[PDB]
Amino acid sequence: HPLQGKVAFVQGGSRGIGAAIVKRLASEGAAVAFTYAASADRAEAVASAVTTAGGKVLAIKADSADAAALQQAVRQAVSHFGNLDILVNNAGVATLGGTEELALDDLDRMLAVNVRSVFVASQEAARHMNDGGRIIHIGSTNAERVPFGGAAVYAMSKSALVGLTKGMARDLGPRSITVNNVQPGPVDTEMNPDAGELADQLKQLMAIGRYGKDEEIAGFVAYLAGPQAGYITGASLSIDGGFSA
């Protein structure tokens, strides 16, 4: 139980990678508050995976596009569990579209969720975080390698976290809070399954030859959130099966 007595906030905790993060932090002893945008049923199943196993949890409905909601969610978490130790920023939106074709609404929604809300959550959490804390953003390997058309805005939204992480590491380093940017490759989820021709084409670009697993992303996040990782800060850390080699 390396996270015994710690409090974690996960932005986007109800499915895929986020659900795996919430469960793994809880299994290591953390109390976890998480946000979900869409489904109360799904957030219930996540909340039950934590509690049936003995862990403590709070599920908060919050739209990562609304400033006010994330700020509110952070405060509600703090009321419930006390000051934060760990923040994991896992909201994410993907729309494909060429430079000449992408709709401005889609651009706006990727900026709101993938960029703006990462900062806003980070700011509120930092205001309510213990010294010695951990802030982990979930970015993408597309910040480093964009091998196909249609991902310009997505990749922009993710390479944004590189500079955010560096400057936040400077800001919060005097409080011994680390800040890191986890950059996954393709991961097998319901909306991006390891199946079909698209998947095959992505696997071909990867050194390993399979999609990553939610639990593997979770493992790394939990290592970074833990007591051995206090010297890792400012870093963009790829976990992408060699996609970006």
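The first residue of the sequence shown is number 1, and the count goes up from there.
Set 215-223 against 62-70 and average the Cα temperature factors; 62-70 ends up higher. Of the two stretches examined, 94-102 and 164-172, the record assigns the greater average C-alpha temperature factor to 94-102. Ranking 121, 113, 156, 146 by the C-alpha B-factor listed in the PDB entry places 113 at the top. Annotation for 53, 177, 187, 32: 53 ranks highest, by Cα B-factor. When the modelled residues of the chain are ordered by their C-alpha B factor, residue 8 lands in the lowest third.
For residue 182, the recorded CA temperature factor ranks within the lowest third of the chain's modelled residues. The entry lists a Cα temperature factor for residue 127 that places it in the highest third of the chain's modelled residues. When all modelled residues of the chain are sorted by CA temperature factor, residue 75 is found within the middle third. Per the PDB record, residue ranking by Cα B-factor puts residue 230 in the middle third of the chain.
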